[PDB]
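Below is one structure; the comments refer to it alone.
Side chains are part of it too, since the values below use all heavy atoms of this structure and drop only hydrogens, waters and symmetry mates. Within every chain, numbering begins at 1; the chains are lettered A, B, ... in the order of the sequence lines, protein sequences first and strands thereafter.
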Amino acid sequence: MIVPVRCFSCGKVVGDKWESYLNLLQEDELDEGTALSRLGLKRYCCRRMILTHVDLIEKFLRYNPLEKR
Amino acid sequence: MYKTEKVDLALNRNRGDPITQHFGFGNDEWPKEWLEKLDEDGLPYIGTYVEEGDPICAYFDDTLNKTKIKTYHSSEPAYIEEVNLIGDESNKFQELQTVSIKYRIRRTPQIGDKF
Amino acid sequence: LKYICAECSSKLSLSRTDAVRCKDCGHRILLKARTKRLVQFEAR
Amino acid sequence: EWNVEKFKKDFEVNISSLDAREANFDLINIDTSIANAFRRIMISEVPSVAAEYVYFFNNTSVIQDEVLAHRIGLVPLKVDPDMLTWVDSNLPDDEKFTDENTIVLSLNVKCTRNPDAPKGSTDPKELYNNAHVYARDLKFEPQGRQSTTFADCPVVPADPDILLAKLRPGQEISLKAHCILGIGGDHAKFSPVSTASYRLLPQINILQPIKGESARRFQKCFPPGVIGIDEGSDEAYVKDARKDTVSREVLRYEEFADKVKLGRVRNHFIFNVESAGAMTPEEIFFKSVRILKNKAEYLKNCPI
Amino acid sequence: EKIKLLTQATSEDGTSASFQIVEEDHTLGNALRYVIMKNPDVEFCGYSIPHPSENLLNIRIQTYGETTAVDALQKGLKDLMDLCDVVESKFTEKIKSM
Amino acid sequence: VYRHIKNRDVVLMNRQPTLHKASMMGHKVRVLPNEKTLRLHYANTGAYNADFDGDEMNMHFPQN
RNA sequence: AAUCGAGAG
Ligand SMILES: [Mg+2]
Ligand SMILES: [Zn+2]
Ligand SMILES: [Zn+2]
């Protein structure tokens with residue numbers, strides 16, 4: 001749903017890199033491998049954690065029971 | 001895991017007879033210990049942690065002049081997710097005879113689960 | 001204020017022996033609000 | 001015979017690099033029995049500080065309380081583990097936590113809609129106020145003597161940019177997290193290394209000369225700085241073994257099937273250590289060595 | 001409580017004992033076994049974990065004679081301590097050198 | 001004394017369908033600290049026709 | 001308690 005704090009396999013903190021990954025994908029015209037490398041993700045265990053994240057939290061957040069729609 | 005149970009206090013009554021059972025607590029002398037699972041309107045606080053035998057919703061029944069509680073029937077501890085008050089569609093105004101209660105149970109992968 | 005209308009999402013207080021409906025609009029579904037309480041957890 | 005002196009004569013360390021997060025070094029003339037002991041202690045036994053007990057006061061967000069507490073337990077904290085003691089579990093909940101072993105973090109954040117947001121704005125940071133919750137929002141609430149002992153170094157996450165949660169207007173989070181000392185063999189959140197491991201130094205035994213164009217392709221079968229062409233004679237030689245990642249691409253050609261043997265130096269360990277952020281990798285290694293020694297000393301002094 | 005001598009397996013002269021250590025695993029077991037197998041007086045040495053889900057380590061030491069299994073265990077533990085000390089000192093030397 | 005089942009007790013194990021008596025044998029109980037499944041050695045799989053992909057089997061505790 | 005439907009080995 002929301003980005004995991006750490007990589008499952010090794011434990012490297014990858015929770016602070018999802019927004020940067022999106023920025024490097026959108027603003028810069030970087031491919032996914034280049035963006036992951038420039039974030040500091042060398043092991044494929046760490047690369048998959050960001051390369052394959054879905055970010056369903058944004059779709060969950062549109063159903064807000066506390067604000068008039 | 002999410003499970004929704006429906007507490008329908010209108011089970012015993014039928015077709016316009018008075019409201020024998022009302023949600024909440026009466027003026028009796030009931031144990032104060034179950035005030036840490038239930039609100040002052042006889043409903044559970046959202047986010048509470050329920051187990052076996054913990055109160056789920058308190059009702060005051062006039063036919064016995066006493067305050068009884070419904071309890072959680074499951075050996076797996078759960079968390080109260082949401083409580084929905086349901087009112088009947090009839091244009092005649094009534095009290096609440098139905099609250100829906102949602103449970104959240106933590107399904108951490110254990111030894112025995114299938115992948 | 002312990003209830004929220006399921007459609008207009010306006011906080012409303014429902015007294016006992018009172019009609020279970022939103023005061024603003026005609027919705028008969030109400031959601032219990034979560035109030036401030038201590039709830040311990042394990043960060044595990 | 002084997003002796004501590006005969007080990008001290010031959011053991012040596014070659015630090016290849018050393019940062020505040022990652023330290024790469026070598027252990028030579030040591031046994032896997034001890035290198036693996038060091039690696040296992042680094043991963044599991046070296047203590048660190050992580051959030052353990054979370055006391056929610058309100059959570060109207062989409063993320064549920066147990067998930068949020070798990071995420072708050074995962075975020076690493078820049079606390080020197082020596083600055084606090086160990087929690088005595090047998091003590092009652094009232095007196096269990098004290099100013100010398102517990103660090104209190106709080107997170108109070110409400111989301112309100114931004115009334116100045118432009119029309120057609122899709123950025124949550126422009127549409128809403130506090131639509132994102134970060135680890136940096138975890139304020140540090142010192143209590144007792146730590147108000148003076150931690151004045152030199154306030155407790156902050158090693159990664160303040162960790163996206164803890166997201167919010168929408170009306171929603172809010174109010175919680176307290178108690179942070180204590182623990183080890184990674186109990187829960188993976190207390191592990192102070194992103195990953196600590198080693199690898200034997202590869203050996204590339206060239207058996208027959210590879211003179212000619214064959215040297216160009218043989219050198220093409222390895223990482224770039226592993227094989228070189230000798231200036232004098234057109235011969236391939238092993239420049240740097242440490243640069244080799246053992247992928248056996250040379251074995252996939254029958255041309256070199258009987259010209260090279262790939263092996264290892266069974267005593268030459270290349271330790272690569274990364275730190276989560278609470279401690280430096282060199283100090284992690286030093287603590288693991290000390291832990292092994294102290295556990296052996298405890299066994300020695302234990303009556304039998 | 002930490003270290004226990006299994007009387008059902010010990011020898012009368014003390015030259016073949018078996019030790020049960022709590023809260024230990026391969027990390028200490030393998031290091032201690034390797035170090036004890038450096039004593040020229042020990043005949044048999046090994047470690048076993050009865051069940052992985054229990055934190056109990058078993059150490060067997062059989063000596064040729066002239067010592068005991070307890071003495072061999074003490075020697076191996078002290079040698080392990082000295083090995084750790086020399087590793088620490090050499091690491092610090094190279095840190096300061098850099 | 002209705003004592004708890006110790007390690008010196010014996011138990012009867014059975015996996016349905018019971019096609020032959022080898023599919024119902026006696027086992028010495030070894031009490032483990034962690035999980036909530038019954039742990040079986042691999043050599044019993046031939047007798048029970050059992051695999052560890054979701055199979056469940058009964059465990060009867062004789063009383064006299 | 002039946003009946004129907006979904007499953008597991
Ligand atoms: Mg089967
Ligand atoms: Zn990883
Ligand atoms: Zn309404």
Show the distances under 3.5 angstrom between N or O atoms of the protein and N or O atoms of nucleotides 7-9 of chain G.
unit_1 : atom_1 : unit_2 : atom_2 : d
G:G9   : OP1    : B:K114 : NZ     : 3.2
G:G9   : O3'    : F:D55  : OD1    : 2.8
G:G9   : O2'    : F:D55  : OD1    : 2.9
G:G9   : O2'    : F:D55  : OD2    : 3.2
G:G9   : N2     : F:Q16  : O      : 3.4

Can you give me every donor-acceptor pair (side chain of residues 62-76 of chain D, partner residue at least two apart or in another chain, under 3.5 Å) with its distance?
unit_1 : atom_1 : unit_2 : atom_2 : d
D:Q64  : NE2    : B:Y2   : OH     : 3.4
D:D65  : OD1    : C:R34  : NH1    : 3.3
D:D65  : OD1    : D:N59  : ND2    : 2.5
D:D65  : OD2    : C:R34  : NH1    : 3.0
D:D65  : OD2    : C:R34  : NH2    : 2.5
D:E66  : OE1    : B:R104 : NE     : 3.2
D:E66  : OE1    : B:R104 : NH2    : 3.3
D:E66  : OE2    : B:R104 : NE     : 3.0
D:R71  : NE     : D:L164 : O      : 3.0
D:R71  : NH1    : A:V3   : O      : 2.7
D:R71  : NH2    : A:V3   : O      : 2.4
D:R71  : NH2    : D:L163 : O      : 2.9

Could you list the donor-acceptor pairs under 3.5 angstrom formed by side chains in residues 37-44 of chain C, with sequence neighbours left out?
unit_1 : atom_1 : unit_2 : atom_2 : d
C:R37  : NH2    : B:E36  : O      : 3.4
C:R44  : NE     : D:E52  : OE1    : 3.2
C:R44  : NE     : D:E52  : OE2    : 3.4
C:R44  : NH1    : D:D186 : OD1    : 3.4
C:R44  : NH2    : D:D186 : OD1    : 3.1
C:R44  : NH2    : D:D186 : OD2    : 2.5

Show every donor-acceptor pair shorter than 3.5 Å between a side-chain atom in residues 108-115 of chain B and any protein atom, with sequence neighbours excluded, or say none if there are none.
unit_1 : atom_1 : unit_2 : atom_2 : d
B:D113 : OD2    : B:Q110 : N      : 3.0

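Pairs of residues two or more places apart, or lying in two chains, that qualify as side chain to side chain donor-acceptor pair (under 3.5 Å) and include a residue from residues 40-51 of chain B are B:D39-B:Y45, B:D41-C:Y3, B:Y49-B:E51. The salt bridge (charged side-chain N to carboxylate O under 4.0 Å, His left out) analysis of residues 13-24 of chain B, with sequence neighbours excluded, yields the pairs B:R13-B:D17.
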